[PDB]
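A.B. asks: The structure under discussion is supplied below as structure tokens; questions concerning it will follow.
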Amino acid sequence: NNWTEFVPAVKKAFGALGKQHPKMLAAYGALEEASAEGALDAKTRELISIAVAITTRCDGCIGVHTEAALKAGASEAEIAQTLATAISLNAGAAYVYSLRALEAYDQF
Amino acid sequence: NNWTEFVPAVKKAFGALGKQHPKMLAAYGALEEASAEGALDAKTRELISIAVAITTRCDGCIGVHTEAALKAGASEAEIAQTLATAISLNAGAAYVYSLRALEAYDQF
Amino acid sequence: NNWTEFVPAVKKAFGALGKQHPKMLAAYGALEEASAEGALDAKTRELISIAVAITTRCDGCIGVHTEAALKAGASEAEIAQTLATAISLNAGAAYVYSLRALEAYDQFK
Amino acid sequence: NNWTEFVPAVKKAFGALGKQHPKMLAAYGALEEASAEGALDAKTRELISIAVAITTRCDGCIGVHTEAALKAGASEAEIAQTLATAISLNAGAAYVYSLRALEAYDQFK
Amino acid sequence: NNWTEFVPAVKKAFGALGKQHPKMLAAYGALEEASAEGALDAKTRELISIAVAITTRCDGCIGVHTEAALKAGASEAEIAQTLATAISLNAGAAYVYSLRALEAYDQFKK
Amino acid sequence: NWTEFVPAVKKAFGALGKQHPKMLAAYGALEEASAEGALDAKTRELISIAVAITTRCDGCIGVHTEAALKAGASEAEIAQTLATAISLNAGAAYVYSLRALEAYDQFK
């Protein structure tokens, strides 16, 4: 459809990248191996990925790790709660720098 | 203090670039010239400048345009409301891309 | 394109989020309430909103608050000058960290 | 340098915000309420919080939720593996947009 | 993006801005003026421009400046290696702030 | 940046490879793929600084500004790289501002 058609195309672009520049795809594979090492469970790692995917505003990253979260057995409330946490942290960053603006106003 | 001393150091740094690379300082001066052309008052522009500064996480921009907003007659309630609006728009972005993840999960 | 149909689609997506997860939509309602608290008129609130939206590069946020600023009485010149102000700040941030890099090129050597 | 002094200072600034502007701190609490709803333990939520905090590069968000992760029982390897997952996704966004640049160069634009 | 049609659409919109608000387009020209001044050739400048465009995630910026890299004589290997360097620095920024998180956890640990 | 800040950053990277070696090996793979090709060390470090300005990473700035110096980068090459990165940073805001004015015209 929209995401069910986008994700295979994104995975294909990564495959064409490895056939042309294998050291670049091997660099990402090294990043995924470092992430996979440790007792974290695949679903929790994918949920961590979705929270970062929506923060970086990467549509290809969203669909890849959302489909991987479902394959890992993540329910709908687990994802919505993960997104709600990422929204709170994205808003928390603006709260911190807004706090710096208020502190500057009182100081001048 | 901090902000009352950090802001002069920032403006002193921008003055240094004008001596070493005047073309780059003039380019910024061209950006503020276009930003000042219109019927929007100084307080309105400086409030907009603060909301973008906390979004860009630019501490120098925060202090420079917070002091400038005070010089334009901005009250503390106006800056806090400006920051509240900027905080809201930063979270709505995480909301928008969170909805994309939910639609992605619903389609797989 | 098609901002006239994109904006109602974004609002509908927010509506389905509330009927499936009400505490997330209520949180955005609490954020929108604190943004309305104050003496800044609706036009200045939406102009500020558009400036953050183009800095964020959120398309749904841009169209929602551009239509709202229009209904609040914002002329095209007020919209353009708001973008010119947001673009200027979207360069001073790079200027500030460029000044750090030029200092970084000093000290060394 | 001193996160044990930075984090309490950030917490004090948030508390002073609610005394001068309560609706702003209330909207923050509403975001925390929706975050703590859905049977995801605090350890998993704080680990997710760190992964987003380093993506936003907010030092206040990092130290606040790193301490909260320790209080929830997060091990050092649990955070390191979380950061390793967050780093992989930060590069993943760069890979996806670099693929757009290569597809652009092929079409000769 | 990638399309040979989207890039002329971006350039046309920039010209429309200069017709309605010339002081805004002139400000961008002032920025491009300072970018063109210097010892770097056009290829290296457009390669640097591509690296920022994928970091700033601006599709039109990836557009305008990847074509200018082609016209400047940049090969596919020069485009790709620039992107591999840009990708490395993007992950590097996450590595740096991840170190702060590991340092903060060590100071709170008991 | 400083002559003492960069050694502290590289010391933390080395320590990370001692407690979590797969994470440091992943960054090395990203550096090996970046070094592979005809682009000289100067252009790569200049590209690295321009990204280290778009991203607001100070450690990346000082590390790669020093590496650019050892690679033989001149002051004119450093400033022009920044002016190029500043132009692109403003260029991104110009594009999404064009969609904002395009949306405003559609709602009338």
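A.B. asks: For residue B:19, go through the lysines and keep the ones whose alpha-carbon is under 18 Å away, minus same-chain ones fewer than eight residues off.
C.D. replies: B:11
A.B. asks: What ranking do D:33, E:78 get, fewest neighbouring Cβ atoms within 10 angstrom at the top?
C.D. replies: D:33, E:78
A.B. asks: Counting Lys +1, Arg +1, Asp -1, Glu -1, what net charge surrounds residue C:21 among other residues with beta carbon under 14 Å of its beta carbon?
C.D. replies: Net of charged neighbours comes to -4.
A.B. asks: For the protein assembly as shown, what is the mean residue ellipticity at 222 nm derived from helices alone (per DSSP H run of n ≥ 4: -39500 (n - 2.57); sum divided by total residues; nearest 500 deg cm²/dmol)?
C.D. replies: Calculated from helices alone, the mean residue ellipticity at 222 nm is -28500 deg cm²/dmol.
A.B. asks: Report, as a whole number in µm² per second, the diffusion coefficient that Stokes-Einstein gives for the protein assembly as shown at 25 °C and 0.890 mPa s using the Kirkwood radius over alpha carbon pairs.
C.D. replies: Calculated translational D: 100 µm²/s.
A.B. asks: Just to be sure I understand the curve: with the Debye formula and one point per C-alpha of chain F, what is log10 I(q)/I(0) at q = 0.17, 0.19, 0.21 Å⁻¹?
C.D. replies: -0.90, -1.04, -1.17
A.B. asks: What relative contact order, as a whole-number percentage, does chain D give when Cα pairs under 8 Å and 6 or more residues apart are counted?
C.D. replies: So the answer I get is 23 percent.
A.B. asks: Just want the ordering: F:9, C:64, from fewest to most Cβ atoms lying within 10 Å of their own Cβ.
C.D. replies: Ranked by crowding around the Cβ, least crowded first: F:9, C:64.
A.B. asks: Give the distance, in whole Å, between the Cα centre of the range A:1-75 and the Cα centre of the range D:86-103.
C.D. replies: Result: 11 Å between the Cα centres.
A.B. asks: Based on Cα coordinates alone, diagonalise the gyration tensor for the range C:24-69, multiply each eigenvalue by 5, take square roots, and list the semi-axes in whole Å, largest first.
C.D. replies: Listed largest to smallest, the semi-axes of the range C:24-69 are 17, 15, 8 Å.
A.B. asks: Using just the alpha carbons, could you tell me how many Å³ per residue the convex hull of the range C:1-100 encloses?
C.D. replies: 136
A.B. asks: Mind checking Rg over Rh on the range D:44-109, alpha carbons, Kirkwood formula for Rh?
C.D. replies: So for the range D:44-109, dividing Rg by the Kirkwood Rh gives 1.22.
A.B. asks: What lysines does residue A:43 reach when the alpha-carbon gap must be under 19 Å and sequence neighbours fewer than 8 apart in one chain are set aside?
C.D. replies: Answer for residue A:43, where 19 Å is the Cα cut-off: A:71, D:43, listed by chain and number.
A.B. asks: Nearest 10 degrees is fine. How inclined is helix B:22-36 to the longest principal axis of chain B, computing both from alpha carbons?
C.D. replies: It works out to around 60 degrees.
A.B. asks: Another one. What does the charge count near residue E:93 come to, summing +1 for each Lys or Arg and -1 for each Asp or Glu among other residues with Cβ under 12 Å from its Cβ?
C.D. replies: Summing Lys and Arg as +1 and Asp and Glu as -1 gives +2.
A.B. asks: Is there a quick way to get the dipole size of the range E:16-60? I mean about its Cα centre, with the Cβ of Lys and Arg at +1 and of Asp and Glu at -1; what is the value in debye to the nearest 20?
C.D. replies: Taking the Cα centre of the range E:16-60 as origin, the dipole is about 180 debye.
Read the figures in this text as sums done on the coordinates, not as results from a lab. Neighbour counts are summed over all protein chains in view; Cβ atoms, including those assigned to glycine, are modelled from backbone coordinates with ideal geometry.
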